[PDB]
Structures are given as structure tokens and as C-alpha cells.
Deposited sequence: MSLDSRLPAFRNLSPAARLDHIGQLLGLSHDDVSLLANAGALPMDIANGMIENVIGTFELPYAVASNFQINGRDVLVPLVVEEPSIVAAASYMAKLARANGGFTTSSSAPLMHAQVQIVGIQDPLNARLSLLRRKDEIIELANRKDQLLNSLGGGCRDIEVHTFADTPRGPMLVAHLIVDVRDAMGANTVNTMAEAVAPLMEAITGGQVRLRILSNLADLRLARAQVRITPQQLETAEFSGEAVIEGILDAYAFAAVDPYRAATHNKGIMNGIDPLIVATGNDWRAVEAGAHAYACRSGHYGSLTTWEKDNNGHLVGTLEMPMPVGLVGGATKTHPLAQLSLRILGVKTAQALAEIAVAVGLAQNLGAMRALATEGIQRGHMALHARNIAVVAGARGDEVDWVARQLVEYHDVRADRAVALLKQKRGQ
């Protein structure tokens, strides 16, 4: 497959869809799911959440140029904000010239928390649990034989203590569970419930919360990118100057949480729409992302940006990325299934790797604009329709002055 998508930006939605259909060999019925509204039937929507009165659409787009470990990939994105898809496609275009994005991921390990209270000896109780960890792990795995046959299952436990809280001593056991192609929530919650009575017997305490942690720091996905100065040169700025500016932007994010929040928001502009497109839980991914960003005791940047020994700009993104191909609404939504088909992913960790490549590209796009002509020239041009509506035209403002004041005057 070739993901360059020639002239995609200027094709109609229908023509874009036909091209995508041809590249992938989509059936007429697959294409019909995007060519017509209503792919999520009301009986499905009504069964997904409560008090349903209809459905709500967001645009479904495809970012171009992405390449993951040498293979071209098409990336579906669902979001309401302009310039995101364009920026991601642009930075992916640049990345192609230098090998695309290089990615990897850890095993899909999730934490299941079991909170224990009502004991005066939590530090001792912790050792009692660790002494009998095999028995606990076996009980957890008895509860899900299928997962174990699929190559997943509870691998280990860790135990943490909070002996002095304002509500008294607490002990917290974590089951560490390989959840294969699931996000993992229902899978691990069931194991936490199963081990609870055994943990009460071992410790003499009372189990309270049995629940996954969204701080999924053992389920990491990683992306790398490289950009050369010749690629970043503009009429106003040398490529070398742009790279230095991007490093200045990165250091700013690393020291100031007011910047880091926005910097990381820019990453999630790329990631969350891929999560939505695949029927996955975007709140979970957001919580894992931002909590991980403060793991040091300072809220910093999820990405890294440096200059290598050849003067090239090199970036990384390593972060928690709990996603599924099964579970939740990933199988329920016909377009979630179509998105997975478009992506070509065969494991959840493969989707996770695409997600961090997109987030890395997204961050790069923001920083490149910010370090050069500023964010407004390119972004507001694609927002110009919205400005015309707010004012009460779009082509005229595209003369580099997209402001409501100007729209009012015209």
C-alpha cells in the first residue's frame, strides 16, 4: 500500500473514499458504510449507553503519508478541530524521507488494584501477600482460562503500603496482567474481584476497591522520528535555526507546566481522534498520558526533542497506550471495525504503536509552526469558515488576516 494519497487535500469526500477503497480493496458494502450516514444503527446506539435520544456525528478523516517500521499505513481520525489532520499528514510526509516512524511496544500489561483496610499491620500484611503470590496469581488465572490460552494472564503481583493516611493504614495490591488485544478494564477487574477473598484471608483485613489503574505505565508504546535541517528551511528561516527554535520550545515545555499542558494537549490532538475512530475509550488514554507526564514529581513533556551527531532533529514519544481491538465498543461500532480494517492492525499493541507515531507527528507539527511563522497563519486559514459564521467571506480572510473584526468589516 502507498499512503501518500496524491491530491487528497483537494479531492471531494466521495473521491477520497473511492481512492481509499481502491488502495485497500474495500468491498462496495464497506464503502457504503462511509458513503451514507447512519452506520451506527439506533438499536446498537440505544444498547451502548443509557437515555439515548439519537446519535451525534463528527467528521471522519484520513491522515496521509504515515509509515510505521517501513510499512505505509492509512490513519483514520475523528475530531472537530481544523488543521490537526493537515499537520499530521505534513509531518508524516517529512518523516518518510528519513525512514518514517520507528516504533515498538511493551507487553500489554495492566494493573488491577486491590485496596485493603482495617489492619493495624499493613507492612507485615504486605509480606504475607508476597509470600503467597503464586497462590494469588494462580487464583487470578483460574478466573480466565481463555486469556491464558491466548498468551495473556496474570504475570505477577506488587504490593504497596500507605501506613499513615488521614483515614488510617492502607495496603494496595496490584495484579499485573497481560490482557492481549483488550484495553483490559473488565478483564482485570474480574481478577481483582476473584482474589479479594483470598487477600482478606491472608492479611486479616477488609478489601474495599477492586479496580484497574488507568496509570498504565507497564503498557508502553514508543515512537521515534528524524527530520533534517533542509526539510525545515523556510524563506525566512534556515533549517538549522528552526531546529534550534524547536529545541528552545522543548526546553520551555520541560521547565514550565503552563507550557507542558499545551504541548501535551497538542500530542493528544493526534492521538484521541484515532482512539475515537477505533471505538476506544479516550478518557482512559488521556488519564494515562497526563498522569505519566508527572511521574517525576514535575508535570513535563511526553515527547523528547534533541539534535543528533549529524545535526538532525530527533524526537521520541514513549507513553502508556491502553487500547483494544476487542472489548468495549471496538467490535460494536461498524465504523470502529472499518477503521481497524483501514489501519490493517492485527494486535492491540500494533494500534498502540500507530497512536504514538501520530502523537509524535502531531507535536512536531505544532512546534514547527510555533518556532517559525507562528501557529495562526496555517491554522486560522483552515478555521476561516468558522470565523465567517461566528461573525454572522472565508476566501477573503485567507489573505492572511482571519479575524472576526476583519470578517465584520467585509
Open item on the list: From the N-terminus onward, what segments of the deposited sequence lack any C-alpha atom in this model?
Closed with: 1-2, 395-403, 422-428
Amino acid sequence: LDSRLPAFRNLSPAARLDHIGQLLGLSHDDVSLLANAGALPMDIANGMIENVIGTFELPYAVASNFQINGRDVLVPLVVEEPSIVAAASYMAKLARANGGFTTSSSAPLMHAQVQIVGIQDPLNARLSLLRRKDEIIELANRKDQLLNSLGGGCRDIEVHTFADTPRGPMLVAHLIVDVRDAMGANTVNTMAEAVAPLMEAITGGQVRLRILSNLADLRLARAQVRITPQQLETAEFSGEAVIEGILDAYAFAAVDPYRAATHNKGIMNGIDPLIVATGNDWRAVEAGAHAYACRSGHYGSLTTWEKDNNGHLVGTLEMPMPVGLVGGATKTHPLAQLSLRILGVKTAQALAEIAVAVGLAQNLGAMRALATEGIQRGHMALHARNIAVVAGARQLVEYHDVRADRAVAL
From here on, numbers count along this sequence of modelled residues.
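What we label the rigid core is the largest C-alpha set whose atoms superpose within 1.5 Å from one form to the other.
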Open item on the list: Which of the two stretches, 218-226 versus 325-333, has its Cα atoms farther on average from this form in 8 other deposited structures of this protein when everything is superposed by the rigid core?
Closed with: 325-333
Task: Rigid core superposition result in 8 other deposited structures of this protein, more deviant of 95-103, 141-149 by Cα - done: 141-149
Task: Residue stretch of maximal mean CA temperature factor, 273-281 vs 195-203 - done: 195-203
Open item on the list: When the Cα temperature factors in the entry are averaged, is it 236-244 or 211-219 that ends up higher?
Closed with: 236-244
TODO: Among the candidates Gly315, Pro76, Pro322, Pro166, give the one with the maximum CA B-factor reported in the record.
DONE: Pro166
- [ ] Using the temperature factors in the entry, find which of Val358, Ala384, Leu364, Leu351 has the highest value at its Cα atom.
- [x] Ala384
- [ ] Could you tell me which third, lowest, middle or highest, the C-alpha B-factor of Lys133 occupies within its chain?
- [x] highest
Task: Chain thirds of CA B-factor: placement of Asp156 - done: middle
- [ ] For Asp144, return the chain-relative third of its C-alpha B-factor as stated in the PDB record: lowest, middle or highest.
- [x] highest
- [ ] Rank-wise, by C-alpha B-factor, drop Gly266 into the lowest, middle or highest third of its chain.
- [x] lowest
- [ ] Would you please rank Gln120 by its C-alpha temperature factor against the other modelled residues of its chain and give the third it falls in: lowest, middle or highest?
- [x] highest
